[PDB]
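For reference, chains read A, B, C, D, E, F, G, H and I in written order, and residue numbers begin at 1 within each chain.
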Amino acid sequence: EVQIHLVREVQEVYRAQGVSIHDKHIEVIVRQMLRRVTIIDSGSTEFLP
Amino acid sequence: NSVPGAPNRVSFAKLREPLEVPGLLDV
Amino acid sequence: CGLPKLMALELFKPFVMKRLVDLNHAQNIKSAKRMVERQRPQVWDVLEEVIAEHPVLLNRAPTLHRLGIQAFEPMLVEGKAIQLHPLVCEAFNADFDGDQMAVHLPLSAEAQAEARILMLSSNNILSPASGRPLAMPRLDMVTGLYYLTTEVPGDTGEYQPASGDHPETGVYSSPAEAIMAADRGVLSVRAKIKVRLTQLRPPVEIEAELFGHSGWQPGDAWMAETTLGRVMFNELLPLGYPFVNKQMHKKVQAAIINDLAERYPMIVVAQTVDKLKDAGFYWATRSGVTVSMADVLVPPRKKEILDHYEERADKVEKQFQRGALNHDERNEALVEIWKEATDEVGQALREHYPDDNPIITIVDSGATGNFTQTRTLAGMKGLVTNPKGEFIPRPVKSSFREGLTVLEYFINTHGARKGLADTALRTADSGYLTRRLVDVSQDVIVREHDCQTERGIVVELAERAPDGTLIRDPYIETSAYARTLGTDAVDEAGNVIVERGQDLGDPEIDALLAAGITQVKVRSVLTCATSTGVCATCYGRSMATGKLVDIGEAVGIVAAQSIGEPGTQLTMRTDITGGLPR
Amino acid sequence: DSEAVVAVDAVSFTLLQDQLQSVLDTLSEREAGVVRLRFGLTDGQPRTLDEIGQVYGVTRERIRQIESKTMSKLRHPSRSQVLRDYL
Amino acid sequence: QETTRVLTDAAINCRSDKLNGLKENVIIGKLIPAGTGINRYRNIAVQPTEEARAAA
Amino acid sequence: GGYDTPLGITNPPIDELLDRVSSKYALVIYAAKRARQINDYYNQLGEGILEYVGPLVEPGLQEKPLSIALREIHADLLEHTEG
Amino acid sequence: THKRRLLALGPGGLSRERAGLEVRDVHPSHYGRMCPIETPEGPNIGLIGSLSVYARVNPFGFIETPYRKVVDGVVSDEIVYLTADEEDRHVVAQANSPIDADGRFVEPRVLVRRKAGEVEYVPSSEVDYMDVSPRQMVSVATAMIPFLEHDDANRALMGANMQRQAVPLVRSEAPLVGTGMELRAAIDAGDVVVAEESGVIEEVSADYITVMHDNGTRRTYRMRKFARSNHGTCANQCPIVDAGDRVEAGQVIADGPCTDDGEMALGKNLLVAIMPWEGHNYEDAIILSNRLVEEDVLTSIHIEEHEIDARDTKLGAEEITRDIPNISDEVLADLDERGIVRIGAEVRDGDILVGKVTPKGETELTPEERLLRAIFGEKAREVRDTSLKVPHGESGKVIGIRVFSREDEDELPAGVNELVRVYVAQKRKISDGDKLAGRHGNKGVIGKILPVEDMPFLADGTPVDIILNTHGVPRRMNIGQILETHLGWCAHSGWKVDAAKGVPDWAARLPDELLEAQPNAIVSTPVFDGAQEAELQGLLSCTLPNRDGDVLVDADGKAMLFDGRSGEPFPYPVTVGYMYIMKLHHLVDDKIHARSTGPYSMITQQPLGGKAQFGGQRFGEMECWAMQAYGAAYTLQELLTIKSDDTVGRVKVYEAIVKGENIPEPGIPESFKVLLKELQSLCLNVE
Amino acid sequence: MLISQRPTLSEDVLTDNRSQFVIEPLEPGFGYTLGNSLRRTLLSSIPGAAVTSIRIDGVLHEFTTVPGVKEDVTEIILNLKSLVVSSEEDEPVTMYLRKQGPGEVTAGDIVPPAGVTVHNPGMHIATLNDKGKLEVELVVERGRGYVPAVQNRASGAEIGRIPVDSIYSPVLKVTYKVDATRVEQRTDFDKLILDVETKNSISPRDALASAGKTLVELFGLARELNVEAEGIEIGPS
Amino acid sequence: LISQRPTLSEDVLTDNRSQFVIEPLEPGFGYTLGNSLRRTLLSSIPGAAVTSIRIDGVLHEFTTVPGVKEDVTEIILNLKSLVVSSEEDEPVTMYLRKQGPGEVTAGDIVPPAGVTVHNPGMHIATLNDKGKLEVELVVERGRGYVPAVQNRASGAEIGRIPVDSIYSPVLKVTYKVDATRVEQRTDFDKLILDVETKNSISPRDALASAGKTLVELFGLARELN
C-alpha cells in the first residue's frame, strides 16, 4: 500500500500545477526505494541485526 | 528650467515639487 | 538548424582540410591550414561540400531533461547567430532574449549514426514524460491557426439559402474556385460556405452515410458546409486523415497531433508539423493581432463594484475600530471581501469584452497567458502578498492600464521580488532533486523483454456513479494509459474484453468502459521479477516512441529527468508543505 | 600547457615523413641509402662518411662525392616543390 | 555525496567495484551498459547477403 | 504512402528503416558497422583487392559513407545478427 | 548607478552561502531610502540595491529621506530630512493628493503610511509629513523609465537593468518621449564637460573649447577624443557650442558618450509596429529594417586594447624587432622598421601587431627538419617567435600605439624592457544576434535584418523600422511600452488641440503650452506624475497631418499598414508609433565561439575554458544524463574520451580524420589516471 | 548594369495540367517582386471562357430541384461551373443540351455551335430517372479572371437567366514560395518555386508564356517613358 | 471581355517627386503591380555615391582634424548624406579644399567632368582660423547598397578611408489604388503610383529604369518556348 500511497502523493503535487507526469516515471523511483530489507534475525548467516 | 543650457522638454507634470534633485554623487 | 559559417569553418576544420587537400587546392596540409586561417574563398565552397549530411548536437544550457540535446543537420547561414527552428524552442525551453546554445560535433561513424537516428529532431516529437507532443505549435502559429479556423457568422460572402429570385449563392465548386473568390474581395476566409471537396477525407459521419464500405477519397466528391479556412487548414493534414471541421484551440491541435503521431509514421508527423508551422505564421500576420490602449477596455461598471465593496469593507472596518471583532478576524473578513470584489471585477470584464479583442483572443485560443493577466491589465490587480506571505488588506484597486499609484506600486513590489527570488531558489533546488534522483535510479535499465511474472498493481480506472454510470476518472492518461495488461479483462462471466499483454491505449480503454468493468490488474515495474533491471512488458509503452520500449533502454534516467524537470514550474503554496519541498 | 602536443604538428610531421620518403624513393638505392645514413633517418644517430663508406665498401671521399651529388639533385625544384611548403 | 565518508569504509571493507553500473563506465571511459552499449547490440556482425554480392 | 518526399538527412525514412531491425539501437550499430566497412573499402581501394566489399547501391556524387550504409539498409541488401 | 549603489556582501557582510532569503526581501522602510525596482536579476536579487533619488546619508551612516512637514493641514516648505525611526514616530502622507496650494488637503480622508507599513485614511489633521514629490521610492536608472506606473515590477526591473547596458552609438539622438531625469542625470554623471564660470566662447575645435571668462582670464576645456572605456566602448566628446556663443555657469558645453544637447540618450527613436511578422519576430525576436544598417542609425564604436611586453630571461632578453624567424614578407608589410604596425593599418584575425622574438636556446633537431634545413640552406634560427598576434575574430583600424621603454626612463616592472600597447578599434554595425531592448524590459535579439523594400510601410510610404511581437506585450504585463509608443507618435507628428470651441474636457487638467506642439518636439512624462491615459487618448485623436492632407494614425492608434513583401494591405489596422530602443552590450562578436583543437589544461589534460583562450563548452553532468537517456553510448564515449582526455586518442583522431581513416577505438582518459594516482597517494591501495 | 548572374527557368511536369516552375537564382530579394506579379497575372489575366447563365425548364421559382432527375439544382449548378469550354466568339453565345429517357448525362451530351469547344466531354453532370427529360439552355461567354455572380440585369420573366460564377481563368490554383539558394558565395540569392495547376484548356507553360507576354506589355508601358534609361541588363542566353 | 489596354499617364507634383497613374487594370491587380514597381524602384536603380575619401591630416577613420569643429567620423556621416550623379563607370575623383574660418558647404567641392553634386546646402563641416580642410573623394557608380569595401582587399594605402555607399536615387515610394469594382462587372483598379527622388534623377528616369528592369526579367518567363 505504500507505493500506491506514494504515487498518489507525488502526483497530487504535479496535478495541482496541471503538469502531467505518467506514473511509470514515478513508479520506477518507488521501485528503487523499497529494495532493501532490515535484519531482525541473523539466523546463522552473517547479517548484523 | 533650473539649468541654464537645457533643451526645452515640455513636461506632463501636474505637480510642483519644491525639493530639486540633489547632487547625485553626494554619497 | 542554421550555422554561422565563421563558426562552422572552425568546427569542421580537419574535414575541410582533408577535403581541400584532396582537391589539390593546397599542396600539403600545412598550406591547407594556411588557406583556412586566411580564409581564401575556395574554403567556403569546400565547407559547403563538407557539411552536407553530417549532423551536429545542439545544447541549450541547462539540460533539464532528455530533449535538451537534439541533433540537427546543419546548413550554412550568414551572420553570426545559430538559426534555430521555431518548434524546438519549447523542447529546449529557449526564448530568444539572448539565450546561447552550445554546438557540439560527432566524429565517429557510430556517433554520426546516433545523431542521425536517435537524436535527430524529427524523431523526437512526443514527450518522454507524458507523451504529449513538444513539437506542437505555440505562441504565434497557434493564434494563426485559430484565426484561420474560426468561423464568423454574418461574414463576407456566406452561404445563405437565398431561394427567391436566385439560388443560395454560397456554394463553391472547388477549393481552388473558393481561393479565387477569396483573393478577389468577395469571400472572407472564415465565412461558412458549401464547397465541393474531392481531395479530402470526410468525417466518419458523412463517410458512413455516403460510402461506409469504401470511403477512398482521391476519386470521389462530397459537400461540406465549412469555412474556407478549415479546408485550407485540412489541406495541411495528410490524405488518410479525416476532415476536422472544428476551431483550432490549442487543445484541439494537441489532440490532432497526438492522434496523428499515434497512428501515422514519424516522417509524416514531422512534415505535417512543419506545414502547420508555415501556415500558422502566414496566417498569424494577417490576423490583425495588435495591442493598443484602445484595445484594453476597463469595464464600465468598475466604479459600481468598487463602491459596493468599499461599502462592504467600511462596515468591517467600523466593527473592528469600535471593537467588535479583533485584528485577525477583520483581516480575514477584508481578505474575503476583496477576493469577492476581485472575482466580481474579473467576471464583469470577461462579460464585457467582445470575442474579437486581441487580448481575449490570445487568452482564449490557448496561445499564451491566462485570464488573471488580463484582469491585472484592465480591471483590478487585487490583493498583494506581504514579505511574510499574508495578504495586505488594502488592496491594490487600480488596473495597469489606468496606472498604479505610488503606494500601490510599493505594495506590489513585495510580491514581485518575492516570486522572483523564489524562482531562482526553486531552479537551484530542482537541479539538486534531479541530480539526486538520477544518482538513485541509474541502475534501472530494461534488460529482459519479458519477466513473465503474474503479479501487478490494480488501477482504479473510472469508478462508478450513484446512477450506475461509469464516470471516467480524470487522471487516467497519467496512470492507466500505456501499460501492459497483467491479467485478462472479462465481464459478468461474458467474453474477455482485453487479453493479457495488450498495450492498453485509447480504444482498449474505450472497450473497457463500454463493457463496464473499472479495475484492471495491469503490469508494472513495481512487480517485475528480473533482478538486473526491470523487464520490458512491465515497463510498458515508452511515451517518447508510442511503441513498446526496447531491450536496452535507460528508463531510470528518463524517469528521473521527467520527475525533476517540471520542478521549476512548481508554486510553493496557496504545516503541510505543498510545493517542491513536498 | 605549451609543453603539450600541438596535435596538428604530429600529423604534419607524419605527412612530412611520408612526402620525404616518397622523394627519397625517387632516388636510387645507393643515393637513398647514403642520404638516410647521412642524416640518421633509420636510427636517429647519423653515422658519418667513413662508416657509410665502410658499410658501402668505398672511400669516405667517394661518399662525399655521392652526398654532394644527391644534395645537388635534391635542390632541384622537381623535388623541392612539395617540400618547400613544410617549413 | 560524502566523498570522504563513502570512500573510507569502502577501503576498510576492501569492497571491490564491479564496473557494471552506469556512472562507473562514464568515469572509466568504457561504453555504458545501456542503449547502444549492451552486448545485444555491440556485437552485431553485418554481412552483405551474397545474392547482393552476386550483383557485384 | 502519403508521406512527402524526404530531403537531406531524413532520407531514407526512419520508419521504413525500422521494420528491418528490432529496435533503433540495432539500427544504429547496423549503419555504423556498414559505414566502417565502406570507409575501409575506400581506403583499401587503391591497394590490392581484399575481403572488404561494397558499396552495393550506387553511391552519390560525394556521399557520406554513413548515408550509403543507411540507403543500403533501406534497399534490403544487408543481413545481420544481434548479440 | 555603479556609484550610489548599495551592496550587501563583503567582509563581515552576508555571503551568498550564508545568505538568508529574508534579507532579499524589501519591506516598508525602503520607501525613500532604497529602490525596490532596481536590483540585479541573476542570483544576486535583493542583495545589491540602489539609492533613491532624494536619499541622503546621516553622519552615523543611517539613510535620511526628505519630507515636507505639514502643520495642521498647512503643507509647509520646511523640508525636514528624516531617518527611519523618526519616520516611524510620525505618519507620512503622499504627494499625489489634492492640495489647493494653501496647504489644505481637499479630501479629509487622505492616504497615509503608518509605522508598521499600514495604509489608512486618517483624517487630514494628524498628517504631519508629506512626501517631497512622487518617484521618491525609485532609483536614478529607474526614474528614466517613462510610464513606470503601468509596468509590472519584473519588467520594470529588466528595463532598469538593461538601461545600464546600452552602448554609445555614433550619432546618439535624444529620446522623443522621456522623463525629467535625463538632463540632471547626465550633468551629474560627469561625462559632460560643464562650463564652470560664465563667459563667451573664444574658440571651438574638436579637441578643445577655450572659453573666455568675463574677467580677463581664459580657460581651455580639453576634450577626450576616442578614449577607450573600461569595457571597451567609445568615449567621444564633441562640443555643442559655437565660436561666439555665451555660456553660463553650469551650461552643458560638450556632449559625452550617450548624450544629445546635454540630456541622456542611450538609443534612438524608431518607428515601431506591433504585428507578428511572418514568424521572424517569434518569442521576443525583433526584426529590423535595412535602413538602420544603411544610414548608420545603430552603429557602436568598440575600441579594444592589445599589449605585449619585452622582459628579460635566462637566455638574454626578448627583442621587439621587425625581423621574425620563419616568416614571410607579405605579413611583414604592416610592420614598420622597428616592430609595431603603423597607425591606420587595417588588420585581420591572426596578423602581426608587434614583431617580438625571444632567445630560445639550443635544442636537438629532428633529422627530417635537419635535412630540410640542409636542402633549403636555412640556418637553425636560434630565436623563437612568440609575437603579439591580434587574436581570432578581431579586426579594424589601429588608433594609437603607446610604447613604454626601460631606456626612456619609465616606470616598468622589474626586468621588463619594452612595454607596448596597441588600441585596435572597429565599427560594429548592427546584425542579427545583437541584443536590443526598449525601456520596459521588452528585450530580444535581432531576428532578421530585412531589406528596406519588403518591410511594412504606411500609406505615406514610410517603411517602419522595427517590428515587435504582439504576444510579448500582454502576458508580460508592460503596456508601458504601448503607451510610450502612442505618445511617441503623438510627439513625433506633433499636435494642436483645437481650443476654438473652448478648451476640451481632458485638456483642462493638462497644463498649458501643450495643447499645441511642433512635430518632433520632445516631451517628458515623469514617473508617477505621468501622462494620464485619458489625456493621451484625447491627444491621439488630435494630431496633425504629415505633409499632405493625410492622417496616418487614427484615434485608436492603428495605421493601415501595407505589406512590403506581397503588396496587399493588411486586413486590419496595426498599432504603429515611435519607440525608443537601445543597443545592448551583448553583441554577437563578443559571444560567438568555436574550437576544433586549441590549448589544454595542465594537471588534467582537459581542454581549456572561455573565449579568451579557445576552450570547449562544458559537457557537464546534465548533458551526460541526457546522452544516457537517449541510450547513445557511443557518442558519450567519444565526448568523454577522445575529445578531452585520451591523450594519444586526440592525435589519433586528428590523424585519422585528416588521412580519411576510421575513428580509432578510445582508450582510458587521463583524468581517471589522475584520480587513480590521488587515491593511491591517499594510502588506499587501488588496484 | 549587368545582372552578374543570369536567372534561369526550368519546369517540372507533374501531371498533364500541373507543373512546378522554378526560377533561380534571383537578386535579393527579387523572388517576391516577380512571383506575386506572376501569380496574379496567371490568375486574373489569361482570357478563357465559362458559363454565366443557365436556362433550365421545369424550374420556374422553386430553385430546389428538377423533376424527374436525381441531383438537385445546386449540384447541377456547381457541376456546370466546372465545365471547361473554349470559345472564340467574343459575344456571349448560347448552348443547349437535351436528353430524353432515364440515364446519366455526360458533358458530351451537350452540343456546341461553331467556335465553342468543350474539352472534357466525358464529364458527368446529371442523372435522369424514370423517363425524365432534361433541357438546359446554357449561355457560354468568354472573359478574364474570375467574375462573381452577375446579378439579373435582365427582367425577372427571363427566369432561366439565373446566374453562376464564371471561372474564366484557365489556370486554377497558383501557389509559390521563395528559397535561399547558396547564401554564402552568392550572398543570399533567391529561387522562386512556382506551382501552377490549370484546367485542361491550355497547358501550364502556355499559361506562363501568355502571362509573361501580358506582363511584359504592362511593363513596356513604364519602359516607354525614357527608353534610353539605364536599367539592369540580363544579357545573352 | 473588356480589353481596353492599360496606360501610364504622368503627373508632376513637385521638382523631385511626381505621381504616375496607371489605368485600367484587372481587378485585384493594382496592389500587386504597384508593389512590384515599388520593390524594384526602392532597391535596384543604379546611381553613384562617394565610395572612399582621403584626408591628408589623418591616417585613419577615428581621429580628429586639427582645427575643424567635428571629427573624422562625423565628417564621414555628413558626407554619407551626399547626392551626386556620375555618368561613367570608371571611378572619378573630386576634390575639396578649404582654409580659413567658415562653414564648409557641399558647394565647395570642385567636381570633374561627368559628376555633379546636387545640393550645395549640406553642412559638411565647419572651420576656423587654424583649421584647414583638404579631402579627396572617389565617386563610383553602382546600384543598391554596398557596405564598406575593405582597405585590405583593395590595395590602397594607409591614408585611404573607405565609406559605406548607398547608390539609390529614389527616396520614398507609395501608391494608392482606386478600386471601382462596380455592380455592372466593368470593374478596374486605377493605380496611382507615387515616386519621390532625392534630387539626383528625375522620377521619369526612375520609373523608366524600373520598367526596363522588369521587362528584362519577365521576358525570361516569356522565353521558355
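Here, a contact is a pair of C-beta atoms (placed from the backbone, for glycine too) under 8 Å apart; a residue touches a chain by one contact, two chains touch by 3 or more.
The greatest centre-to-centre gap from chain F, using C-alpha centroids, is found for B. Two chain pairs are in question, A-C and C-D; the one with more C-beta pairs in contact is A-C.
In terms of their C-alpha centroids, the spacing between chain C and chain G amounts to 34 Å. Remark: chain D and chain E have CA centroids separated by 47 Å (rounded to whole angstrom).
Each chain gets a centre from the mean of its Cα atoms; for chain E and chain H, those two points are 67 Å apart. Centroids of chain D and chain F (each the mean of its C-alpha atoms) stand 44 Å apart.
Of all residues in chain F, those that touch two or more other chains are 25, 28-29, 32, 36, 39. For chain I, the set of residues that touch two or more other chains comprises 27-28, 32, 35-36, 39. Touching two or more other chains at once are residues 22, 32, 34-38, 40-41 of chain E.
In this structure, the chains touch in the following pairs: A-C, B-G, C-D, C-E, C-F, C-G, C-H, C-I, D-G, E-F, E-G, F-G, G-H, G-I, H-I.
Of all the residues in chain C, the ones that touch chain I in their complex are 183-185.
In the complex of the two chains, the chain F residues touching chain E come out as 25-26, 28-30, 33-34, 37, 53-54, 56, 77-83. Listing the residues of chain C that touch chain H in their complex gives 5, 41, 44-45, 48, 76-78, 163-169, 171-174, 176-177, 179-181, 183-184, 186, 196. The touching residues of chain C, when paired with chain F in their complex, are 49, 52-55, 73, 108-110, 112-114, 116-118, 120, 122-123, 238-240, 265-268, 270-271, 550-552. Residue ranges on chain E touching chain G, taken from their complex, read 7, 11, 22, 26-32, 34-37.
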